[PDB]
Asker: 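My structure is below; once you've seen it, I'll send some questions.
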Amino acid sequence: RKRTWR
Amino acid sequence: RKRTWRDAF
Amino acid sequence: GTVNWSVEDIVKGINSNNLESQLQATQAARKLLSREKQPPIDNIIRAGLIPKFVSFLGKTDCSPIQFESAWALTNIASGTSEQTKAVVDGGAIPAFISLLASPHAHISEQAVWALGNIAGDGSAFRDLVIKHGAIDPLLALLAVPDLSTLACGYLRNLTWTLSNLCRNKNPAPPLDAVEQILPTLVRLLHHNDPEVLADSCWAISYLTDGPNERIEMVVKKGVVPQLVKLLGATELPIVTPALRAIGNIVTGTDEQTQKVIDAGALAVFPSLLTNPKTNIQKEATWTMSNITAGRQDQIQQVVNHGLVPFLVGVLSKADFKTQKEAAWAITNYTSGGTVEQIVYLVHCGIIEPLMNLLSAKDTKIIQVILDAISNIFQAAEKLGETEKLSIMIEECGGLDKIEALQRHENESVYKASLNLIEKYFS
């Protein structure tokens, strides 16, 4: 999985 | 007899 | 100040030979790549900004530009495989591994997050992150007497990144890498945070998804009792990977399956087999089918835990996918079970829900149910109760369904139904 920082 | 997650779904 | 800049402005600032102008333009890039609706990732890539951001990671003297370029690159690496490749091609991997040694926790955390997105892409990038030597500095970040002293968000990011180094197959992670990470995984599996526990379970579920040698590495670490405890958690994000890890382990040897039973997993199954989430019922019934594919003493533990009425339940009413897994559990049980165990199964009312499923438009479930009918009849032959079983199948409209299946498209179905009619209904 990949996760962006908002 | 035994099935892996990929074998079943 | 740095809000809603064009990509052209960012390039102008980054191409200035002014460290402060470059810092403001990198923050502007980060704010663009942080927006919810359509961040211009491909525009930032085409402008050739990735190598510039990677070189800013090395600016030890300007910790703000290290944070901003690290955040910008993390958001690009979180994109498609192509967008992750662009970050890797820009030389980001050794630069992010150096940043794990940063005295600034927010920069160090950003490097952890970036490496997790890169490793998460697939086997090749996972193994590339390992070859650049990421595991040792990552594990050194958790080298503390008590995990509770670390910041919650920081620990959650580290656990997530370690789970991504355990993820993917063809090939599975290197054995040596798995052996290095496992003692830290076991420690995170005992931490009080639900997010850390969910990600630690996912890591275990990945490592148990392979050959028995891989399951053995995990089981030998004594984690099965802790997985069974997590199997009873209230939080669905913990139960889902815990059940997957347990389900994977029971695909292994009879000895590995026994460790799951000895740990008390079967006591949780009444609630798992009636769980309001259908994916829990489905995977729990799948886990049951692999336990009923085991030894007669293991089928006996299923019986002793009162789980046969629960299997009758899921066969009678559940979503079709769970019912399909229940049919497999029944065929496995009737294949390896003793006459007494099969007698008990019929006594618990398996015939009516088993005959009702012969109306499903799925050839695999029909084959599985026909194998089960055949095995049950083989037990009735040993007792001379074939006539009694033939009447039970006739009474709940099963005979009318098996007769119809003689004119079926599938060869195996046509032959199996034809045999039962000729042997026990003629």
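Throughout, a chain's letter reflects where its sequence line sits, starting with A, and its residues are numbered from 1.
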Asker: Check C:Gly337 against C:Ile342 and note the closest heavy-atom contact, atom names and distance.
Answerer: O-CD1, 3.7 Å
Asker: Taking ring pair (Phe, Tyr, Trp, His ring centres under 6.0 Å) as the test, write out the residues that go with C:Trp71, two or more places apart.
Answerer: A:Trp5, C:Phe67
Asker: Between C:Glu216 and C:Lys221, is the closest basic N to carboxylate O distance under 4.0 Å?
Answerer: no
Asker: When you check the side-chain N and O atoms of C:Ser335 and C:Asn375, is any donor under 3.5 Å from an acceptor?
Answerer: no
Asker: Spell out, as yes or no, whether a donor-acceptor pair under 3.5 Å connects the side chain of C:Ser417 to the backbone of C:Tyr414.
Answerer: yes
Asker: Taking the side chain as C-beta and beyond, is there a heavy-atom pair between C:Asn75 and C:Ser34 under 4.5 Å?
Answerer: yes
Asker: Quick one: does C:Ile350's side chain get under 4.5 Å of C:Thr334's, heavy atoms only?
Answerer: no
Asker: Are C:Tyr344 and C:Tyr333, when compared by the centres of their aromatic rings, separated by less than 6.0 Å?
Answerer: no
Asker: Mind checking the OG-CZ spacing from C:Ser271 to C:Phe310? Nearest 0.5 Å is all I need.
Answerer: 8.5 Å
Asker: Does a donor on one side chain sit under 3.5 Å from an acceptor on the other, for C:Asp136 and C:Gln180?
Answerer: yes
Asker: For atom CD of C:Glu394, decide whether the heavy atoms of other residues, nucleotides or ligands shown that lie under 6.0 angstrom number more than 12.
Answerer: yes
Asker: Ring of C:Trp202, cation from A:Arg1 - is the NZ or CZ under 6.0 Å from the centre and inside 45° of the axis?
Answerer: yes
Asker: Compare all side-chain heavy atoms of C:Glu403 with those of C:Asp400 and state whether any distance is below 4.5 angstrom.
Answerer: no
Asker: With a 4.5 Å limit on heavy-atom distance, are the side chains of C:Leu370 and C:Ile366 in contact?
Answerer: yes
Asker: State, with a plain yes or no, whether a side-chain heavy atom of C:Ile249 is found less than 4.5 Å away from one of C:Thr257.
Answerer: no
Asker: I need the C:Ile369 CD1 to C:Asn356 CG distance, nearest 0.5 Å.
Answerer: 9.5 Å
Asker: Output the distance between atom CD (C:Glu82) and atom CG (C:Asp89), rounded to the nearest 0.5 Å.
Answerer: 10.0 Å
Asker: With side chains defined as the heavy atoms from C-beta onward, is the minimum distance between C:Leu188 and C:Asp199 less than 4.5 Å?
Answerer: no
Asker: Is it the case that C:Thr251 and C:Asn248 place a side-chain donor and acceptor less than 3.5 Å from each other?
Answerer: no
Asker: Hydrogens and angles aside, do C:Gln298 and C:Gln258 bring a side-chain donor and acceptor to less than 3.5 Å of each other?
Answerer: yes
Asker: Hey, are C:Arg295 and C:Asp297 close enough for a salt bridge, meaning a charged N less than 4.0 Å from a carboxylate O?
Answerer: yes
Asker: Between C:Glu195 and C:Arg156, does at least one N-O distance fall below 4.0 Å, as a salt bridge requires?
Answerer: yes
Asker: Please tell me if the side chains of C:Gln281 and C:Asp319 come closer than 4.5 Å, counting only heavy atoms from C-beta onward.
Answerer: no
Asker: Do the side chains of C:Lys169 and C:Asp209 get close enough for a salt bridge, i.e. N-O under 4.0 angstrom?
Answerer: yes
